[PDB]
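So this one's entry.txt, compact mmCIF, C-alpha atoms:
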# COMPACT_ATOMS: atom_id res chain seq x y z
CA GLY L 1023 -17.46 18.86 3.79
CA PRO L 1024 -14.01 17.90 2.45
CA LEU L 1025 -12.77 16.52 5.78
CA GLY L 1026 -15.87 14.35 6.08
CA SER L 1027 -15.56 12.86 2.61
CA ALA L 1028 -11.86 12.29 3.14
CA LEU L 1029 -12.67 10.62 6.47
CA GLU L 1030 -15.18 8.09 5.17
CA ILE L 1031 -12.98 7.22 2.18
CA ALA L 1032 -10.03 6.55 4.48
CA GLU L 1033 -12.11 4.41 6.83
CA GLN L 1034 -13.64 2.28 4.10
CA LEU L 1035 -10.27 2.06 2.33
CA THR L 1036 -8.78 0.89 5.61
CA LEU L 1037 -11.46 -1.81 6.07
CA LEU L 1038 -10.77 -3.11 2.55
CA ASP L 1039 -7.00 -2.85 3.03
CA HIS L 1040 -7.09 -4.78 6.24
CA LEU L 1041 -9.43 -7.51 4.99
CA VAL L 1042 -7.17 -8.49 2.07
CA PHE L 1043 -4.14 -8.37 4.42
CA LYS L 1044 -5.79 -10.58 7.07
CA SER L 1045 -6.82 -13.31 4.62
CA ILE L 1046 -3.23 -14.32 3.95
CA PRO L 1047 -2.74 -17.75 5.54
CA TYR L 1048 0.61 -17.60 7.35
CA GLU L 1049 1.76 -20.67 5.41
CA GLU L 1050 2.19 -18.42 2.36
CA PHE L 1051 5.12 -16.67 4.05
CA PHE L 1052 7.18 -19.90 3.95
CA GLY L 1053 9.82 -20.31 1.25
CA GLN L 1054 9.40 -17.03 -0.65
CA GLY L 1055 6.86 -18.64 -2.95
CA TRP L 1056 5.71 -15.22 -4.13
CA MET L 1057 9.06 -14.97 -5.93
CA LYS L 1058 8.54 -18.19 -7.94
CA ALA L 1059 6.82 -18.77 -11.27
CA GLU L 1060 4.14 -20.76 -9.45
CA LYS L 1061 3.33 -17.68 -7.36
CA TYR L 1062 -0.36 -17.44 -8.31
CA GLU L 1063 -0.87 -21.04 -7.30
CA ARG L 1064 1.41 -21.13 -4.25
CA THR L 1065 0.76 -17.67 -2.79
CA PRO L 1066 -2.65 -16.61 -4.19
CA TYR L 1067 -3.47 -14.43 -1.19
CA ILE L 1068 -0.21 -12.50 -1.07
CA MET L 1069 -0.76 -11.90 -4.79
CA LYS L 1070 -4.30 -10.69 -4.08
CA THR L 1071 -2.86 -8.19 -1.61
CA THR L 1072 -0.46 -6.91 -4.25
CA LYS L 1073 -3.28 -6.80 -6.80
CA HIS L 1074 -5.42 -4.81 -4.38
CA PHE L 1075 -2.54 -2.37 -3.85
CA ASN L 1076 -2.20 -1.74 -7.63
CA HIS L 1077 -5.96 -1.39 -8.05
CA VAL L 1078 -6.24 1.35 -5.38
CA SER L 1079 -3.17 3.10 -6.70
CA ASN L 1080 -4.46 2.99 -10.28
CA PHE L 1081 -7.96 3.98 -9.18
CA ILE L 1082 -6.51 7.16 -7.61
CA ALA L 1083 -4.23 8.23 -10.50
CA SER L 1084 -7.07 7.66 -12.99
CA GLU L 1085 -9.57 9.76 -11.07
CA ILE L 1086 -7.05 12.58 -10.72
CA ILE L 1087 -6.12 12.51 -14.41
CA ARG L 1088 -9.75 12.34 -15.59
CA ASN L 1089 -10.75 15.55 -13.78
CA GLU L 1090 -11.97 18.09 -16.35
CA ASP L 1091 -10.23 21.33 -15.31
CA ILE L 1092 -7.19 22.43 -13.30
CA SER L 1093 -9.14 23.30 -10.14
CA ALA L 1094 -11.06 20.04 -9.86
CA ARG L 1095 -7.76 18.28 -10.53
CA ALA L 1096 -5.97 20.14 -7.73
CA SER L 1097 -8.83 19.55 -5.31
CA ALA L 1098 -8.84 15.84 -6.16
CA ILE L 1099 -5.18 15.76 -5.18
CA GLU L 1100 -5.88 17.68 -1.96
CA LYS L 1101 -8.67 15.24 -1.16
CA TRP L 1102 -6.39 12.21 -1.58
CA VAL L 1103 -3.49 13.67 0.41
CA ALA L 1104 -5.98 14.35 3.22
CA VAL L 1105 -7.11 10.74 2.97
CA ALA L 1106 -3.50 9.54 3.15
CA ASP L 1107 -2.99 11.55 6.31
CA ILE L 1108 -6.13 10.18 7.96
CA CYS L 1109 -4.96 6.69 6.98
CA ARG L 1110 -1.66 7.45 8.68
CA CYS L 1111 -3.61 8.25 11.86
CA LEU L 1112 -5.49 4.93 11.57
CA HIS L 1113 -2.09 3.29 11.14
CA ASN L 1114 -2.98 2.11 7.64
CA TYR L 1115 0.51 2.62 6.27
CA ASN L 1116 -0.40 0.47 3.31
CA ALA L 1117 -2.82 3.15 2.10
CA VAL L 1118 -0.29 5.90 2.87
CA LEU L 1119 2.08 4.24 0.39
CA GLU L 1120 -0.66 3.42 -2.14
CA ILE L 1121 -1.73 7.08 -2.24
CA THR L 1122 1.63 8.87 -2.11
CA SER L 1123 3.16 6.50 -4.67
CA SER L 1124 0.16 6.96 -6.97
CA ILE L 1125 0.24 10.77 -6.86
CA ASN L 1126 4.00 10.57 -7.40
CA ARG L 1127 3.55 8.88 -10.82
CA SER L 1128 5.41 10.80 -13.52
CA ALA L 1129 2.06 11.30 -15.30
CA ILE L 1130 0.74 13.26 -12.29
CA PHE L 1131 4.03 14.82 -11.16
CA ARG L 1132 4.59 16.56 -14.56
CA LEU L 1133 1.27 18.44 -14.25
CA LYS L 1134 3.10 21.63 -13.23
CA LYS L 1135 0.17 24.01 -13.76
CA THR L 1136 -2.09 21.82 -11.59
CA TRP L 1137 0.44 21.70 -8.77
CA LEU L 1138 0.55 25.50 -8.68
CA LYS L 1139 -3.09 25.33 -7.58
CA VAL L 1140 -2.47 22.81 -4.81
CA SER L 1141 -2.29 24.38 -1.33
CA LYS L 1142 1.12 24.72 0.30
CA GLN L 1143 -0.36 22.95 3.32
CA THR L 1144 -1.16 19.99 1.07
CA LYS L 1145 2.27 19.99 -0.57
CA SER L 1146 3.83 20.03 2.89
CA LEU L 1147 1.59 17.26 4.16
CA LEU L 1148 2.51 15.11 1.17
CA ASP L 1149 6.22 15.62 1.78
CA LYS L 1150 5.97 14.36 5.37
CA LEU L 1151 3.85 11.42 4.21
CA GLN L 1152 6.33 10.38 1.50
CA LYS L 1153 9.16 10.60 4.02
CA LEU L 1154 7.29 8.36 6.44
CA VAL L 1155 6.81 5.67 3.79
CA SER L 1156 10.07 6.16 1.89
CA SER L 1157 11.72 2.91 0.77
CA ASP L 1158 15.16 4.23 1.82
CA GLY L 1159 16.96 2.07 4.35
CA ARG L 1160 14.52 -0.75 3.65
CA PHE L 1161 11.63 1.48 4.77
CA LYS L 1162 13.54 2.65 7.82
CA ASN L 1163 11.02 5.29 8.92
CA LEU L 1164 8.04 3.04 8.32
CA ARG L 1165 9.63 0.08 10.10
CA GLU L 1166 10.41 2.32 13.09
CA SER L 1167 6.84 3.63 13.10
CA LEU L 1168 5.59 0.04 13.07
CA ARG L 1169 7.90 -1.02 15.89
CA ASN L 1170 6.04 1.26 18.31
CA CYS L 1171 2.57 0.53 16.95
CA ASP L 1172 -0.57 -0.88 18.60
CA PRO L 1173 -3.10 -2.57 16.31
CA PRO L 1174 -5.47 -2.20 14.58
CA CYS L 1175 -2.94 -1.57 11.83
CA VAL L 1176 -2.28 -2.30 8.16
CA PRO L 1177 1.40 -2.46 7.21
CA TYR L 1178 2.83 -2.40 3.68
CA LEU L 1179 3.30 -6.11 2.98
CA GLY L 1180 6.20 -5.65 0.54
CA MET L 1181 8.52 -4.63 3.40
CA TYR L 1182 8.00 -7.94 5.22
CA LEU L 1183 8.22 -9.92 1.98
CA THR L 1184 11.64 -8.39 1.31
CA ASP L 1185 12.81 -9.15 4.87
CA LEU L 1186 11.79 -12.79 4.29
CA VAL L 1187 13.57 -13.04 0.93
CA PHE L 1188 16.68 -11.73 2.69
CA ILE L 1189 16.48 -14.50 5.28
CA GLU L 1190 15.65 -17.16 2.68
CA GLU L 1191 18.60 -16.28 0.41
CA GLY L 1192 21.09 -15.87 3.27
CA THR L 1193 20.46 -19.00 5.34
CA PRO L 1194 20.22 -22.68 4.29
CA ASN L 1195 17.01 -24.65 4.92
CA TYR L 1196 19.09 -27.63 5.98
CA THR L 1197 22.40 -27.85 7.83
CA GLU L 1198 25.55 -29.40 6.40
CA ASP L 1199 24.44 -32.73 7.89
CA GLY L 1200 21.15 -32.55 6.02
CA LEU L 1201 19.12 -31.67 9.11
CA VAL L 1202 16.46 -28.97 9.24
CA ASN L 1203 18.10 -25.65 10.18
CA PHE L 1204 15.84 -24.75 13.13
CA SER L 1205 17.77 -21.53 13.64
CA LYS L 1206 16.37 -20.36 10.27
CA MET L 1207 12.86 -21.61 11.10
CA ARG L 1208 12.82 -19.27 14.14
CA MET L 1209 14.14 -16.27 12.19
CA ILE L 1210 11.29 -16.70 9.73
CA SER L 1211 8.70 -17.25 12.48
CA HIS L 1212 9.68 -14.13 14.36
CA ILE L 1213 8.75 -12.10 11.28
CA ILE L 1214 5.56 -14.02 10.60
CA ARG L 1215 4.54 -13.46 14.20
CA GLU L 1216 4.62 -9.65 13.94
CA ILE L 1217 2.57 -9.98 10.76
CA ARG L 1218 -0.03 -12.22 12.43
CA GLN L 1219 -0.38 -9.71 15.27
CA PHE L 1220 -1.46 -7.00 12.85
CA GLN L 1221 -3.76 -9.40 10.96
CA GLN L 1222 -5.65 -10.44 14.08
CA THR L 1223 -6.87 -7.18 15.52
CA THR L 1224 -9.63 -5.72 13.35
CA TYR L 1225 -10.81 -2.14 12.92
CA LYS L 1226 -14.01 -1.08 14.67
CA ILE L 1227 -15.44 0.56 11.55
CA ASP L 1228 -18.83 -0.21 10.05
CA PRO L 1229 -18.84 -0.78 6.29
CA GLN L 1230 -20.53 1.83 4.04
CA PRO L 1231 -21.86 0.15 0.83
CA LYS L 1232 -22.13 3.37 -1.17
CA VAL L 1233 -18.53 4.33 -0.41
CA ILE L 1234 -17.37 0.76 -1.03
CA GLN L 1235 -19.21 0.73 -4.39
CA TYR L 1236 -17.36 3.93 -5.32
CA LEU L 1237 -13.97 2.49 -4.34
CA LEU L 1238 -14.49 -0.83 -6.15
CA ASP L 1239 -15.56 0.76 -9.44
CA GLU L 1240 -13.24 0.01 -12.36
CA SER L 1241 -15.23 1.75 -15.08
CA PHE L 1242 -12.80 4.67 -15.43
CA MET L 1243 -9.45 2.88 -14.94
CA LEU L 1244 -6.64 3.96 -17.28
CA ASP L 1245 -3.52 1.81 -17.70
CA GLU L 1246 0.06 3.04 -17.31
CA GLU L 1247 0.34 4.27 -20.90
CA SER L 1248 -3.15 5.82 -21.10
CA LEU L 1249 -2.36 7.80 -17.96
CA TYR L 1250 0.83 9.37 -19.33
CA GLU L 1251 -0.84 9.85 -22.70
CA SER L 1252 -3.76 11.68 -21.12
CA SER L 1253 -1.23 13.72 -19.12
CA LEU L 1254 0.42 14.91 -22.32
CA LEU L 1255 -2.99 16.11 -23.59
CA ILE L 1256 -3.82 17.95 -20.36
CA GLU L 1257 -0.41 19.66 -20.24
CA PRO L 1258 1.80 19.39 -23.41
CA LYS L 1259 5.60 19.14 -23.09

Output the file's structure as structure tokens, nothing else.
Amino acid sequence: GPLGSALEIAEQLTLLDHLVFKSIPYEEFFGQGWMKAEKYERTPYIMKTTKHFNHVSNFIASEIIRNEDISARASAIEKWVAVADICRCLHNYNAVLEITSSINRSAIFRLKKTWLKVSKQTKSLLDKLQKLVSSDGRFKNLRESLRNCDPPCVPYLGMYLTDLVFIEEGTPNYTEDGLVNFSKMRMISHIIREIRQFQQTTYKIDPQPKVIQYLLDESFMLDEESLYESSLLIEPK
């Protein structure tokens, strides 16, 4: 049934989400290297995490847009929102953001006639989910949800990256005397430590090759412009 499909997609998505997240050597969190031009060389793993996030998000919007008629389109959306909710229960906030941000693309949001066919339970569920992962207040709700969270868990990495940039830009590496500012080293470590905690505990989920194959397929991917262009053909302005 729907719940079952949604469940295995969320579990396999979570395994993939967590694996990319866990492979980031903690050294990459030093010196906001992901903000430099040498990012792909200096922070290849953080970049892989970000790449993975855009892949999943694009995979979802593409599948939704490529659905033949209004009802299959609506049900694809209901399937994904259900997946986002299950991911929220598995504490895979990363997927919650990937999914809600994807479905929120202007190309999908403007599909007014399709949204009429989406259940009010689904629209309600989406609203709660977007609130949970809202970027307002530097992801206030998400940060709070993570504060009281026991792994296994997959946070949204961007939130921590931003916190680190904030510390990097606001405190000097060295003191006025030219000595290492240990105060700053500890501030940075404290953040890296929470991250490592979530990277270390793994999910007790067996992989499912067929589901994984489905999720890793790129054959139907549509870029940003193709997505909005297709949208215009499905529902003219």

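The residue that comes closest to residue 1235 in chain L, out of L:1147, L:1175, L:1025, L:1035 and on the basis of only C-alpha atoms, is L:1035.
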
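You can rank L:1165, L:1145, L:1110, L:1101 by their closest distance to residue 1131 in chain L using all atoms listed in the file, and at the top of that list sits L:1145.
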
- Message: What's around residue 1136 in chain L at 7 Å? Count all atoms listed in the file, leave out sequence neighbours fewer than 5 positions away in its own chain, and write the answer as a PyMOL selection string.
- Response: chain L and resi 1092+1095-1096

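Put simply, CA of residue 1258 in chain L is 9.7 Å away from CA of residue 1132 in chain L.
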
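Using all atoms listed in the file, every residue with an atom at most 12 Å from the point (-4.1, 7.4, 12.2) is listed here: residues 1029, 1032, 1033, 1036, 1104, 1105, 1106, 1107, 1108, 1109, 1110, 1111, 1112, 1113, 1114, 1115, 1116, 1117, 1118, 1151, 1167, 1171, 1172, 1173, 1174, 1175, 1176 and 1225 of chain L.
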
- Message: I want to know what sits within 8 Å of residue 1082 in chain L, based on only C-alpha atoms, with residues of the same chain fewer than 6 positions away left out; could you give that as a ChimeraX atom specification?
- Response: /L:1102,1121,1124-1125

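Among L:1051, L:1241, L:1249, L:1154, the residue with the shortest atom-to-atom distance to residue 1185 in chain L, counting only C-alpha atoms, is L:1051.
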
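For the pair CA of residue 1157 in chain L and CA of residue 1143 in chain L, the separation is 23.5 Å.
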
- Query: If we count only C-alpha atoms, what is near range 1189-1194 of chain L at a cut-off of 8 Å, once residues fewer than 5 positions away on the same chain are taken out, given as a ChimeraX atom specification?
  - Reply: /L:1053-1054,1203,1206,1209-1210

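Between CA of residue 1049 in chain L and CA of residue 1072 in chain L the interatomic distance comes to 17.0 Å.
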
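For the choices L:1168, L:1254, L:1046, L:1037, the atom-to-atom distance to residue 1130 in chain L is smallest for L:1254 when using only C-alpha atoms.
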
- Message: Which residues are close to residue 1034 in chain L, i.e. within 9 Å by all atoms listed in the file, leaving aside same-chain residues fewer than 3 positions away? Reply as a ChimeraX atom specification.
- Response: /L:1029-1031,1037-1039,1227-1230,1233-1234,1237

- Task: Step by step: start from the point (-1.9, 1.2, -7.6) in the file's coordinates, keep every protein, DNA or RNA residue that has an atom no farther than 10 Å from it, count only C-alpha atoms, and write the set as a PyMOL selection string.
- Result: chain L and resi 1072-1084+1117+1119-1121+1123-1125+1127

For range 1168-1195 of chain L, where the input has fewer atoms than it should, I would like N, CA and C atoms rebuilt and written as a PDB file, in the coordinates of the input.
ATOM      1  N   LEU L1168       6.307   1.286  12.808  1.00  0.00           N
ATOM      2  CA  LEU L1168       5.590   0.040  13.070  1.00  0.00           C
ATOM      3  C   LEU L1168       6.071  -0.657  14.323  1.00  0.00           C
ATOM      4  N   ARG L1169       7.321  -0.408  14.697  1.00  0.00           N
ATOM      5  CA  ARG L1169       7.900  -1.020  15.890  1.00  0.00           C
ATOM      6  C   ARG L1169       7.109  -0.609  17.129  1.00  0.00           C
ATOM      7  N   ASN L1170       6.775   0.679  17.191  1.00  0.00           N
ATOM      8  CA  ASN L1170       6.040   1.260  18.310  1.00  0.00           C
ATOM      9  C   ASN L1170       4.575   1.438  17.937  1.00  0.00           C
ATOM     10  N   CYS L1171       3.959   0.402  17.377  1.00  0.00           N
ATOM     11  CA  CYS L1171       2.570   0.530  16.950  1.00  0.00           C
ATOM     12  C   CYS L1171       1.597  -0.508  17.510  1.00  0.00           C
ATOM     13  N   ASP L1172       0.476  -0.022  18.040  1.00  0.00           N
ATOM     14  CA  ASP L1172      -0.570  -0.880  18.600  1.00  0.00           C
ATOM     15  C   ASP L1172      -1.677  -1.073  17.577  1.00  0.00           C
ATOM     16  N   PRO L1173      -2.024  -2.336  17.276  1.00  0.00           N
ATOM     17  CA  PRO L1173      -3.100  -2.570  16.310  1.00  0.00           C
ATOM     18  C   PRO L1173      -4.380  -1.927  16.834  1.00  0.00           C
ATOM     19  N   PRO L1174      -5.414  -1.794  15.987  1.00  0.00           N
ATOM     20  CA  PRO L1174      -5.470  -2.200  14.580  1.00  0.00           C
ATOM     21  C   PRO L1174      -4.455  -1.462  13.715  1.00  0.00           C
ATOM     22  N   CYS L1175      -3.949  -2.153  12.702  1.00  0.00           N
ATOM     23  CA  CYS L1175      -2.940  -1.570  11.830  1.00  0.00           C
ATOM     24  C   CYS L1175      -2.803  -2.341  10.516  1.00  0.00           C
ATOM     25  N   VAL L1176      -2.470  -1.633   9.443  1.00  0.00           N
ATOM     26  CA  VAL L1176      -2.280  -2.300   8.160  1.00  0.00           C
ATOM     27  C   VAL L1176      -0.919  -1.901   7.603  1.00  0.00           C
ATOM     28  N   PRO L1177       0.077  -2.788   7.734  1.00  0.00           N
ATOM     29  CA  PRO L1177       1.400  -2.460   7.210  1.00  0.00           C
ATOM     30  C   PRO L1177       1.465  -2.630   5.689  1.00  0.00           C
ATOM     31  N   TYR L1178       2.584  -2.208   5.106  1.00  0.00           N
ATOM     32  CA  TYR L1178       2.830  -2.400   3.680  1.00  0.00           C
ATOM     33  C   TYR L1178       3.439  -3.807   3.663  1.00  0.00           C
ATOM     34  N   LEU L1179       2.794  -4.746   2.987  1.00  0.00           N
ATOM     35  CA  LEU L1179       3.300  -6.110   2.980  1.00  0.00           C
ATOM     36  C   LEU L1179       4.666  -6.306   2.302  1.00  0.00           C
ATOM     37  N   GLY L1180       4.933  -5.537   1.249  1.00  0.00           N
ATOM     38  CA  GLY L1180       6.200  -5.650   0.540  1.00  0.00           C
ATOM     39  C   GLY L1180       7.443  -5.588   1.422  1.00  0.00           C
ATOM     40  N   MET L1181       7.392  -4.773   2.475  1.00  0.00           N
ATOM     41  CA  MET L1181       8.520  -4.630   3.400  1.00  0.00           C
ATOM     42  C   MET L1181       8.840  -5.965   4.080  1.00  0.00           C
ATOM     43  N   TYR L1182       7.809  -6.649   4.572  1.00  0.00           N
ATOM     44  CA  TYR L1182       8.000  -7.940   5.220  1.00  0.00           C
ATOM     45  C   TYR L1182       8.424  -8.999   4.211  1.00  0.00           C
ATOM     46  N   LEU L1183       7.863  -8.948   3.003  1.00  0.00           N
ATOM     47  CA  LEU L1183       8.220  -9.920   1.980  1.00  0.00           C
ATOM     48  C   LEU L1183       9.727  -9.829   1.710  1.00  0.00           C
ATOM     49  N   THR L1184      10.230  -8.608   1.567  1.00  0.00           N
ATOM     50  CA  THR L1184      11.640  -8.390   1.310  1.00  0.00           C
ATOM     51  C   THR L1184      12.496  -8.929   2.460  1.00  0.00           C
ATOM     52  N   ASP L1185      12.076  -8.671   3.701  1.00  0.00           N
ATOM     53  CA  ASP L1185      12.810  -9.150   4.870  1.00  0.00           C
ATOM     54  C   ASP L1185      12.916 -10.685   4.826  1.00  0.00           C
ATOM     55  N   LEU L1186      11.832 -11.334   4.398  1.00  0.00           N
ATOM     56  CA  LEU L1186      11.790 -12.790   4.290  1.00  0.00           C
ATOM     57  C   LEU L1186      12.695 -13.314   3.170  1.00  0.00           C
ATOM     58  N   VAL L1187      12.718 -12.624   2.035  1.00  0.00           N
ATOM     59  CA  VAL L1187      13.570 -13.040   0.930  1.00  0.00           C
ATOM     60  C   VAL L1187      15.015 -12.998   1.433  1.00  0.00           C
ATOM     61  N   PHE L1188      15.352 -11.919   2.133  1.00  0.00           N
ATOM     62  CA  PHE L1188      16.680 -11.730   2.690  1.00  0.00           C
ATOM     63  C   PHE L1188      17.079 -12.921   3.574  1.00  0.00           C
ATOM     64  N   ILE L1189      16.168 -13.367   4.432  1.00  0.00           N
ATOM     65  CA  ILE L1189      16.480 -14.500   5.280  1.00  0.00           C
ATOM     66  C   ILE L1189      16.570 -15.785   4.468  1.00  0.00           C
ATOM     67  N   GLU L1190      15.656 -15.967   3.511  1.00  0.00           N
ATOM     68  CA  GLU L1190      15.650 -17.160   2.680  1.00  0.00           C
ATOM     69  C   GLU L1190      16.943 -17.337   1.882  1.00  0.00           C
ATOM     70  N   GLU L1191      17.378 -16.271   1.219  1.00  0.00           N
ATOM     71  CA  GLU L1191      18.600 -16.280   0.410  1.00  0.00           C
ATOM     72  C   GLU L1191      19.902 -16.390   1.221  1.00  0.00           C
ATOM     73  N   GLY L1192      19.895 -15.863   2.447  1.00  0.00           N
ATOM     74  CA  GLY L1192      21.090 -15.870   3.270  1.00  0.00           C
ATOM     75  C   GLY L1192      21.307 -16.997   4.256  1.00  0.00           C
ATOM     76  N   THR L1193      20.334 -17.885   4.396  1.00  0.00           N
ATOM     77  CA  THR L1193      20.460 -19.000   5.340  1.00  0.00           C
ATOM     78  C   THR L1193      19.965 -20.276   4.657  1.00  0.00           C
ATOM     79  N   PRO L1194      20.634 -21.414   4.905  1.00  0.00           N
ATOM     80  CA  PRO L1194      20.220 -22.680   4.290  1.00  0.00           C
ATOM     81  C   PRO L1194      19.069 -23.359   5.039  1.00  0.00           C
ATOM     82  N   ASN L1195      18.138 -23.959   4.298  1.00  0.00           N
ATOM     83  CA  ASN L1195      17.010 -24.650   4.920  1.00  0.00           C
ATOM     84  C   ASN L1195      17.503 -25.800   5.780  1.00  0.00           C
TER      85      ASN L1195
END
